[PDB]
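Student: Quick one: structure below, then a few questions.
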Amino acid sequence: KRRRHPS
Amino acid sequence: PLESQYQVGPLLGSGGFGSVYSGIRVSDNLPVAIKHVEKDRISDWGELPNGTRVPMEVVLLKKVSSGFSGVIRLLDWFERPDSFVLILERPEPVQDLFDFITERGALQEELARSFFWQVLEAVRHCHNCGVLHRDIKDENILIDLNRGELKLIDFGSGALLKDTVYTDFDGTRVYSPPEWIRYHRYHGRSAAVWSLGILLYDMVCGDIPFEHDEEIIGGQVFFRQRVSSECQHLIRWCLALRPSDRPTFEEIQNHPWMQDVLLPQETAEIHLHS
Ligand SMILES: CN(C)CCCn1cc(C2=C(c3c[nH]c4ccccc34)C(=O)NC2=O)c2ccccc21
């Protein structure tokens, strides 16, 4: 489960 | 003049950094990126050498855009009544380091070493210019695939660099250090080095080490891929719980895993063209 991470 | 000098293309993306569009400068077809942000949505402000109220991001990009470097440079900016527009370098062809890693999985150490060195130089450049990025992560690194060159993006969480404590932060929690999580306090370099530790693990394992606060503060680094002992040691050093136990930029670039780095064109010929 790989993913982006917003600020 | 604004929409005369630059022909505007497709939206590249949007989020906490505003809306960013593909563009071409009309006087010389230079590929660029056009980033809009509403004044209503800007949380942080500064003052230019002219002495004018501008988003902090413009202040920081102007400090780092002198000379060539591993940073994406600010070519220009306009103010609008309800927004600011920044014109920025755009490589072509390009991919961000987050997608590159998703497509290719864990990187080979030689390639991870080349990338990570380039990011370390780019960050050193920032620090030398009095800028602290505060959001170093794979998603804020673009790869110029032809030249094998990494460029930093998104200075919207950044600050002026200083040696006293920071009590504000709003970059990416999963790349933020345990002293942020536990005390809402951190110092610039030591926090940067933590983020770089997370980034290196991301490069060599295929994903970041920690998703949850409890994992960040536990500082246990389980390696999910085969990674050399030297690289594991560097990463664990960057991810020391106590800030003062982390390495300096010099200790990192002098670490044995960091030696014999490929050149950017070599990195392209070997790992990117084929
Ligand atoms: C796609 N995400 C999650 C983050 C991208 C953030 N981002 C890319 C860019 C830039 C570029 C982009 C290159 N690919 C992009 C995809 C979405 C948004 C921007 C880009 C680029 O070529 N030059 C850039 O400065 C950028 C500029 C200002 C603030 C944030 C920026």
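In this analysis, Cβ positions are derived from the backbone assuming ideal geometry, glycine residues included, and neighbour counts consider all displayed protein chains. Throughout, read-outs are computed from the coordinates displayed, never taken from laboratory work.
Student: Among B:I153, B:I181, B:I216, which one moves the most in a GNM of chain B with springs linking Cα atoms closer than 10 Å?
Tutor: Most flexible of the set in this elastic network: B:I181.
Student: May I pose another question? Classify chain B from the C-alpha gyration tensor, please: rounded if a/c falls under 1.5, else prolate or oblate depending on whether a/b exceeds b/c.
Tutor: On the way: a/c = 1.94, a/b = 1.32, b/c = 1.47.
Oblate, because a/c is 1.5 or more while a/b does not exceed b/c.
Student: Given a 10 angstrom Cα cut-off, can you work out which residue in B:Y166, B:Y183, B:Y21 is the most mobile in a GNM of chain B?
Tutor: Residue with maximal mean-square fluctuation among B:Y166, B:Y183, B:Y21: B:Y183.
Student: Follow-up. According to the square roots a ≥ b ≥ c of the eigenvalues of the Cα gyration tensor, what is the shape class of region B:44-144, taking rounded for a/c under 1.5, prolate for a/b larger than b/c otherwise, and oblate for the remainder?
Tutor: On the way: a/c = 2.56, a/b = 1.87, b/c = 1.37.
Since a/c reaches 1.5 and a/b is larger than b/c, the shape of region B:44-144 is classed as prolate.
Student: If you build a Gaussian network model of chain B, linking Cα atoms that sit under 10 Å apart, which residue out of B:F115, B:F169, B:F68 swings the most?
Tutor: B:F68
Student: Once amide H atoms are placed 1.01 Å from N in the peptide plane, what residues at a sequence separation of 5 or more from B:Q95, or on another chain, have their amide H within under 5 Å of its amide H?
Tutor: For B:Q95, whose amide H was placed from the backbone, the distant partners under 5 Å are B:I143, B:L145.
Student: Also, I was wondering about something else. Would you give the gap between the C-alpha center of region B:141-180 and the C-alpha center of region B:204-218, rounded to a whole Å?
Tutor: Taking the Cα centre of region B:204-218 as reference, the centre of region B:141-180 is 17 Å away.
Student: Report the charge-dipole magnitude of region B:1-92 in Debye, nearest 20, computed about the Cα centre from +1 at each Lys and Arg Cβ and -1 at each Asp and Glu Cβ.
Tutor: In total the dipole reaches around 140 debye.
Student: At a Förster radius of 22 Å, what calculated FRET efficiency corresponds to the Cβ-Cβ distance of B:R73 and B:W45, to the nearest 0.05?
Tutor: For B:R73 and B:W45, the calculated efficiency is 0.55.
Student: Which whole-Hz ³J(HN,Hα) couplings does region B:22-36 yield from phi under the Karplus relation 6.51 cos²θ - 1.76 cosθ + 1.60, θ = phi - 60°, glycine and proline marked x?
Tutor: 6, x, 10, 6, 6, 6, 7, 6, 5, x, 9, 10, 10, 10, 9
Student: If you don't mind, another one. Between their Cα atoms, which of B:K39/B:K162; B:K35/B:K62; A:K1/B:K35 are more than 21 Å away from each other? Can you show the working numbers first?
Tutor: Numbers: B:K39/B:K162 26 Å; B:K35/B:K62 15 Å; A:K1/B:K35 30 Å.
Distance filter (> 21 Å) returns B:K39/B:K162; A:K1/B:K35.
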